[PDB]
Amino acid sequence: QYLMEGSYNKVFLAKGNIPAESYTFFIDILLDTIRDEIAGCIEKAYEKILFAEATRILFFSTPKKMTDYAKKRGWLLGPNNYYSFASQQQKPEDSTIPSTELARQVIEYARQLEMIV
Amino acid sequence: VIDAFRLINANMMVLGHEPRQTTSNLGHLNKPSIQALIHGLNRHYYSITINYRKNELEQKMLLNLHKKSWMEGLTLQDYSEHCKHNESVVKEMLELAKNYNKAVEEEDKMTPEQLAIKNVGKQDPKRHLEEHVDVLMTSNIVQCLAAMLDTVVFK
């Protein structure tokens, strides 16, 4: 549920390591998977990330882990970066700029519509 | 409507000689204008067979219309015009719509004369509303389809 919701803080990465019969094996790998999931959500969501910010959200153990994960994606510039903002702004308006995107490929679209009726 | 006559006298018809002479004919009889014409035809030599010498080269010449179809298939009009057409049809469709309600509710009658008075069967809303959706759809498709085709190709 917690994964499902987006309620990452609640997710158990602190439990399931405590019974040591066989439950530990799954939870260690799962920690990598949630960590990746946070990096993706933040990439599209918000333009910057701090080091005060980063440690808690990705569930990193160190600042060194922060430096490693951010540059891959292309983020790193310092506590201030700009990815998100610009892309979010760009999407509405294609009335003065040519396009065919949606309603499929147009050329097919008009011809198909007429065959059906 | 064409007929052929050699033209031979009246007596030949009366005797029944005239079919002995015609042999190597099929013959035929049509009536543009009543009994008087039939009688005139019989006196003459009636319709002797007309065949045609024709073939595919001559047939292809007659087929033609416009090479100008070349420009026209691609052509589409000003967008303001596209809008005029769409407006005129939707406005029209409103008028007929009020009769349509009655049409679907009833039309137990199948007798064309009674139906006509009852549910405004003559000046039918079904025939015309369908006719209207069909012009609007086809018109919008060809105009829209051409505009897009030209764009990609010229640039």
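Residues numbered from 1 in each chain as written, not as in the entry; some residues may be left out. Chains lettered and ligands numbered in written order. Part of a larger assembly, values for the part shown. Heavy atoms only, no water.

Within the PDB entry, the label attached to chain B reads Proteasome (Prosome, macropain) 26S subunit, non-ATPase, 14, and the organism entered is Rattus norvegicus. Here the PDB entry title reads "Ground state 26S proteasome (GS1)".

If you look chain A up in the PDB entry, it shows as Proteasome 26S subunit, non-ATPase 8 from Rattus norvegicus.

### Looking at helix α8 (residues 125-154) of chain B
With 30 residues, α8(B) should reach 44 Å at 1.5 Å per residue; the first-to-last C-alpha distance of 44 Å fits that figure. Within α8(B), the full set of buried residues consists of B:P125, B:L129, B:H132, B:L136, B:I141, B:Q143, B:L145, B:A146 and B:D150. (Helix = DSSP H or I, 4+ residues; strand = E, 2+ residues; numbered from the N terminus. Expected span 1.5 Å × (residues − 1). Buried < 20%, exposed > 50% of the residue type's maximum accessible area, 1.4 Å probe, protein only.)

### Considering the environment of B:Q143
Residues and elements named next belong to chain B. Within the secondary structure, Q143 sits in helix α8. Separated by 70 residues in the primary sequence, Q143 and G73 have C-alpha atoms spaced 9.6 Å apart. When residues no more than four places from it in sequence are discounted, the contact partners of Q143 are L76, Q77, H82 and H85. (Contact = heavy atoms within 4.5 Å.)

### Thoughts on the packing of helix α6 (residues 106-116) of chain A against α8(B)
Interhelical geometry of α6(A) versus α8(B) gives an angle of 160° and a closest axis separation of 9 Å. Accordingly, the angle class assigned to the pair α6(A) and α8(B) is roughly antiparallel. Handedness of the α6(A)/α8(B) crossing: left-handed. Contacts between α6(A) and α8(B) involve A:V106, A:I107, A:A110, A:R111, A:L113 and A:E114 on the former and, on the latter, B:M137, B:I141, B:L145, B:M148 and B:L149. (Axes fitted to C-alpha atoms, helices over the stretch in contact; angles between N-to-C directions. Parallel < 35°, antiparallel > 145°, perpendicular 65-115°, else oblique. Left-handed = near helix turned anticlockwise from the far one by under 90°.)

### Points about the interface of chain A and chain B
Chain A puts eight residues into the contact, and the matching count from chain B is five residues. Counting each side, the surface lost to burial between chain A and chain B is near 700 Å², with a carbon and sulfur contribution of 85%. Where chain A touches chain B, the interface holds zero residue pairs in polar contact. By residue class, the composition of the side of chain A that touches chain B is five nonpolar, one polar and two charged. (Buried area = accessible area lost by both parts, 1.4 Å probe. Polar contact = N/O pair within 3.5 Å; in protein donor to acceptor, adjacent residues only side chain to side chain. Nonpolar A, V, L, I, M, F, W, Y, C, P; charged D, E, K, R; others polar.)

### Observations concerning the layout of surface pockets
In this approach a probe as big as a water molecule rolls over the atoms, and the regions it shows empty are the leftover space. Within this model, the largest pocket holds a volume of roughly 380 Å³. Among the elements that line the lining of the largest pocket, the one with the most residues is α8(B), at six residues. Estimates place the volume of the second largest pocket at around 180 Å³. Lining of the second largest pocket is provided by A:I107, A:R111, A:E114, B:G73, B:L74, B:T75, B:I141, B:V142, B:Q143, B:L145, B:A146 and B:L149. Elements with a contribution of two residues or more to the lining of the second largest pocket: α6 of chain A together with α8 of chain B. When residues in the lining of the second largest pocket are grouped by element, the largest group, six residues, is from α8(B). Partitioned by chemical class, the residues of the lining of the second largest pocket number seven nonpolar, three polar and two charged. (1 Å grid on protein atoms, 1.4 Å probe; cavity = no way out; pocket = protein on both sides within 12 Å on 5 of 7 lines; lining within 4 Å. Points joined across faces, edges and corners; volume = space filled by probe spheres on them.)

### Observations concerning the packing of helix α6 (residues 79-105) of chain B against α8(B)
Residues and elements named next belong to chain B. Where α6 contacts α8, the two axes come as close as 8 Å, and the packing angle between them is 155°. Relative to α8, the element α6 is oriented roughly antiparallel. Along this stretch, α6 crosses α8, giving a crossing that reads as left-handed. Residues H82, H85, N86, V89, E92, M93, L96, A97, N99, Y100, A103 and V104 of α6 form the contact with α8, whose participating residues are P125, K126, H128, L129, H132, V133, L136, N140 and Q143. Looking at the contact of α6 with α8, its residues break down into eleven nonpolar, eight polar and two charged.

### Some details on a nonpolar patch on the surface
A contiguous nonpolar patch, built from A:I116, A:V117 and B:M137 and spanning about 320 Å² of accessible area, is present on the exposed surface. By relative accessible area, which is 62% here, A:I116 ends up exposed. (Patch = residues over 30% accessible without salt bridge, like charges linked within 9 Å, V, L, I, M, F, W, Y side chains within 5 Å. Areas by Shrake-Rupley, 256 points an atom, 1.4 Å probe, with all protein chains shown as cover. Salt bridge = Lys/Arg side-chain N within 4 Å of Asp/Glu carboxyl O.)

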